[PDB]
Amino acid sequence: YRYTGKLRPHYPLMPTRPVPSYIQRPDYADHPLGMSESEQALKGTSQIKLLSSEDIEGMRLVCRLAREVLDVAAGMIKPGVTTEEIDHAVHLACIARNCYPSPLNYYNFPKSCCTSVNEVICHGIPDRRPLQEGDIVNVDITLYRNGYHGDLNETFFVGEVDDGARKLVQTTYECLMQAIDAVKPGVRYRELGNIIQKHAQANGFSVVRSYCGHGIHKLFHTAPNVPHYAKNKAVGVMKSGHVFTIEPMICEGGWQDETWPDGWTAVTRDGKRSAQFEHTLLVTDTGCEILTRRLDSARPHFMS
């Protein structure tokens, strides 16, 4: 394997961390290949669930808990901390909240969160690498509580970063929020990528095409598929009671990605940096409810 940048995996990884049996587990948790039978039964379907009142309450709770766990991770970001160390804290924080860390054994993913540094577009595996001053690092949190998943991520600065890091992360955040600001009943899912790509390209950046936002509720990933680039063919129209993520990945160079031998780590083919932000959104009668927002503070962590 020819690496695309300076980042390398730092092995060995700790043995997988158990989750106490009192915590409710998603179907894939005990599947030998981490397949989700429930997801697989709906593969290829475009139909989108209209959440009940009970569903909405369940999503509100799990997404609030997820935000709390991301905030725990945000508090740990400093030069010298390993991504494994972040992940262990996340794992314990999920357990403390009576939640299962959704990524754990999801299609055999080995850890409880995804940590994506510099050229990693997404799905980085926490490992022995200490964070370096100047890095950017994304932590992506997903929790499972009472049958519901809640999903969010933010990119953080490690100590002092360069102007390019600042511009990339700021623009990415703005892309997410411009998209969220457009969500309301009657808007086509395909419009979001037009908005994201417009702002990205105005700032000299590209939009990852291989990964998309997703429906989430009882399933971790389901309809709708929500591309973040322009002129996409996504199927569907927002309606009150729809829940889905928006999770744009934006790159300093070209948009092309490739995957490490680990089968997970997605990296820029050019080795330039990428940044991401994610919220889980509920479409309401007039707009949307940002289920994974901060309740206590105005801004994402990188502006705080």
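Rigid core (definition): largest C-alpha set, two forms, superposition within 1.5 Å. The first residue of the sequence shown is number 1, and the count goes up from there.
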query	finding
Higher C-alpha RMS shift from the shown form in 5 other deposited structures of this protein - 51 to 59 or 37 to 45, rigid core fit	37 to 45
Of 95 to 103 and 160 to 168, the one with larger mean CA B-factor	160 to 168
Per the entry, higher mean C-alpha B factor between 136 to 144 and 181 to 189	181 to 189
Highest-ranked of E247, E68, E37, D262 once sorted by CA temperature factor in the record	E37
From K231, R128, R209, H149, residue of greatest CA B-factor	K231
Third of the chain's Cα B-factor distribution that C63 belongs to, per the entry	lowest
Third assignment of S116 from its chain's C-alpha B-factors	lowest
Among modelled residues of the same chain, the CA temperature factor third for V267	lowest
Third of the chain, ranked by Cα B-factor, where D27 sits	highest
CA B-factor ranking of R17, expressed as a third of its chain	highest
